[PDB]
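Everything on this sheet refers to the single structure shown next.
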Amino acid sequence: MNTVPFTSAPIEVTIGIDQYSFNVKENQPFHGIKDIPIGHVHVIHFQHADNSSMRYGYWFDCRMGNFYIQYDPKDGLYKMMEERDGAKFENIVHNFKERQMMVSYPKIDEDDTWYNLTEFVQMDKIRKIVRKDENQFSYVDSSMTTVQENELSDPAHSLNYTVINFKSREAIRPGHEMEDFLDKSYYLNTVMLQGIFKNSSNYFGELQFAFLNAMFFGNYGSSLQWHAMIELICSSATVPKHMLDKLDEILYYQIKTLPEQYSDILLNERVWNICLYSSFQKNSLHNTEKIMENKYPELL
Amino acid sequence: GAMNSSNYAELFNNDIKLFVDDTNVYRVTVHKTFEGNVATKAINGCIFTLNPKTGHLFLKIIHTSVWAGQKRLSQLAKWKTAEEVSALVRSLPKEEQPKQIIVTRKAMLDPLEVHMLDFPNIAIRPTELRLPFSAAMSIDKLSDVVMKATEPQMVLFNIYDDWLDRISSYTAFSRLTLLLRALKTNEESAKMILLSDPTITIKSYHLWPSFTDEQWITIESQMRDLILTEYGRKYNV
Ligand SMILES: COCCOc1ccccc1C(=O)O
């Protein structure tokens with residue numbers, strides 16, 4: 001189990017770690033988060049008490065280095081940094097743990113939620129969506145726009161999700177206009193899966209990462225990408241059975257996880273009604289349909 | 001965006017544009033079968049593609065053979081319309097290609113946009129005008145060429161005859177829509193108005209009779225009376 005120490009906590013802030021969160025008071029003796037499960041990506045996120053503007057945070061994998069958080073009073077935010085001196089870092093952690101200044105990642109043993117939400121999410125793929133090659137961790141915030149949003153403005157600060165556009169030459173083979181528009185199987189299987197993503201695992205990893213950025217940061221472009229990647233599958237008549245079954249699991253846990261009160265802003269009625277009740281795959285998502293019907297019946 | 005009464009003069013400016021009406025593409029009669037079920041029989045149809053500035057009408061005749069063995073024909077008809085409009089645009093020289101295509105029914109927007117992806121600078125627009133172009137098949141010479149067709153065919157007409165020698169496009173389009181609205185509302189009475197006077201004939205190369213300016217005024221008034229008369233009959237006014 002790994003540890004992200006904090007140098008200090010000079011401003012009052014709500015700190016998230018994956019699906020958990022806790023409040024830290026101004027100048028509280030808080031020095032980090034311990035017992036972080038090895039084997040998954042994680043996200044440590046922030047919302048300042050005095051300015052809920054900009055939720056922001058960092059995706060990281062403790063297998064890739066020793067990371068800590070330090071507040072920068074000039075740029076006004078908690079920054080992730082890497083410590084390259086291993087013995088320095090271990091000595092810092094040990095002192096803070098001995099003085100019990102750290103919260104423990106509060107994972108219940110029966111609880112597979114975080115694995116279920118990040119099953120296909122890899123740090124190497126995150127670092128290609130979020131381009132800042134000098135760090136091993138990736139900063140995301142509520143306001144970052146996607147490459148697609150920009151085309152429709154600072155490119156170094158974009159979310160480089162794969163562009164999906166149902167009315168584009170990429171999606172529609174000349175001479176197969178009606179066919180490809182009404183059945184997106186070509187676009188899904190040849191263009192996206194065989195061509196761009198290489199396999200379904202990378203596709204699901206991006207879908208899962210988009211959901212998580214939408215949920216944890218309220219990043220609107222990420223929500224658009226999440227819905228587009230769902231709609232592309234559901235609007236395809238020909239999808240491998242293993243992908244349909246995996247998608248049902250993926251969406252179930254995302255719907256299991258979403259704040260009941262954020263449903264109005266994180267769920268697109270058109271996409272979900274189309275996907276569950278009109279699309280080719282309207283009968284292939286039994287677990288997701290069950291929870292969507294019982295948890296959010298208004299949206300439908 | 002959408003075309004309405006507020007931007008109506010745009011139809012007669014110098015940017016080439018076409019209206020596309022698909023309401024006569026897929027035409028059926030419904031009938032009982034021997035076993036007492038119901039079946040359709042298709043009849044030849046047409047795409048009505050009109051330049052409202054010049055009166056040029058590109059009448060693409062849709063022969064019933066295009067439906068043979070196809071399913072979901074009302075859906076297919078929209079995509080076939082968009083395919084044929086796209087083909088028409090590609091067939092025109094660059095300087096004759098439209099800058100805008102206005103579809104009379106909003107269901108044509110996605111099929112046409114998808115077929116026109118190679119032309120990102122041609123705007124595809126809906127309209128809030130209720131245009132009477134469905135009544136094109138009440139024009140005897142158009143109906144005749146569609147029904148006689150034995151294969152797909154494109155036939156070119158000027159739907160304004162020679163009117164633009166004497167009136168503006170705006171006025172010609174107004175006359176056209178009044179005539180078509182009258183033919184849609186009461187076809188028999190409208191045709192009676194147009195032929196009531198044997199001494200006024202339709203030239204071989206025309207669609208409508210050769211009325212003088214003063215006779216057009218009388219005819220237009222009679223068409224408005226017909227439309228109003230039918231409105232009163234409909235709503236008991
Ligand atoms: C904490 O969220 C409460 C979950 O609310 C539900 C309501 C109806 C059906 C399923 C759920 C669920 O997620 O199991």
Side-chain angles (χ1 to χ4, degrees), chain A residues 13-24 33 35-37 39-47 49 52 55-57 59 103-121 140 142 203-220 222-231 233-234 242-279 281-300:
Chain A
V13 61
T14 306
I15 301 178
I17 175 76
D18 300 348
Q19 77 272 33
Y20 309 106
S21 77
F22 52 96
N23 295 311
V24 178
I33 304 172
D35 308 322
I36 303 165
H40 316 285
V41 304
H42 299 284
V43 59
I44 187 171
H45 46 110
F46 303 89
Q47 193 159 218
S52 36
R55 270 186 258 178
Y56 62 95
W59 289 96
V103 297
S104 173
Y105 189 96
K107 189 186 168 303
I108 292 325
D109 304 299
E110 173 196 29
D111 189 7
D112 265 349
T113 290
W114 190 246
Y115 172 78
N116 291 334
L117 295 171
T118 61
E119 176 174 359
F120 302 100
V121 178
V140 180
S142 312
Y203 185 97
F204 288 142
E206 182 165 326
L207 180 161
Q208 285 184 313
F209 183 60
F211 170 77
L212 295 166
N213 289 322
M215 176 172 59
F216 288 129
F217 306 112
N219 186 272
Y220 177 81
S222 297
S223 181
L224 292 179
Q225 182 68 13
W226 177 54
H227 285 92
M229 299 184 76
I230 296 169
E231 193 176 358
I233 291 171
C234 291
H242 72 277
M243 271 189 77
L244 293 170
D245 285 340
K246 189 60 68 161
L247 181 63
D248 199 19
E249 294 299 312
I250 287 171
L251 298 179
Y252 174 84
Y253 286 109
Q254 289 171 338
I255 299 305
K256 197 74 173 136
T257 296
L258 262 187
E260 313 89 307
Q261 315 299 41
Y262 291 11
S263 58
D264 57 327
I265 58 181
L266 285 170
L267 296 180
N268 187 287
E269 180 171 90
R270 176 189 77 76
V271 171
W272 284 96
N273 275 280
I274 274 56
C275 288
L276 294 173
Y277 303 119
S278 338
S279 77
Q281 306 303 341
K282 66 194 168 308
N283 291 324
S284 313
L285 300 173
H286 299 117
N287 297 346
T288 292
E289 179 165 302
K290 166 153 293 316
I291 183 156
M292 281 303 298
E293 283 182 346
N294 286 293
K295 191 175 190 156
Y296 304 124
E298 323 86 29
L299 192 89
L300 321 173

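Just so you know, ligand 1 is whichever comes first in the structure, and atom 1 is the first atom listed for that ligand. Only this structure's heavy atoms are used, side chains among them; waters, hydrogens and symmetry mates stay out. Protein chains get the first letters and strands the later ones, always in sequence-line order, with residue 1 at the start of each.
With a heavy-atom cut-off of 4.0 Å, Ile255(A) does not touch ligand 1 at all.
At least one N/O-N/O distance between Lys295(A) and ligand 1 falls below 3.5 Å.
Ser142(A) and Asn219(A) form no side-chain donor-acceptor contact under 3.5 Å, judged by distance and modelled atom types alone. Judged purely by distance below 3.5 Å, without hydrogens or angles, the side chains of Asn287(A) and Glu249(A) pair a donor atom with an acceptor atom. There is no side-chain donor-acceptor pair under 3.5 Å between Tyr253(A) and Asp112(A).
For the pair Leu300(A) and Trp272(A), the tightest heavy-atom approach, listed with the atom from each and the gap, is CD2-CB, 4.5 Å.
Annotation: atom 8 (C) of ligand 1 to nearest protein heavy atom, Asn294(A) O, 3.4 Å. Among all protein heavy atoms, the one lying closest to atom 1 (C) of ligand 1 is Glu260(A) OE2, 3.7 Å.
Near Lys256(A), meaning under 4.0 Å from one of its heavy atoms, ligand 1 places the atoms 12 (C), 13 (O), 14 (O).
The ring-ring contact (aromatic ring centres under 6.0 Å, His included) test with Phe209(A) is passed by exactly one of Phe204(A), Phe120(A), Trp59(A): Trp59(A).
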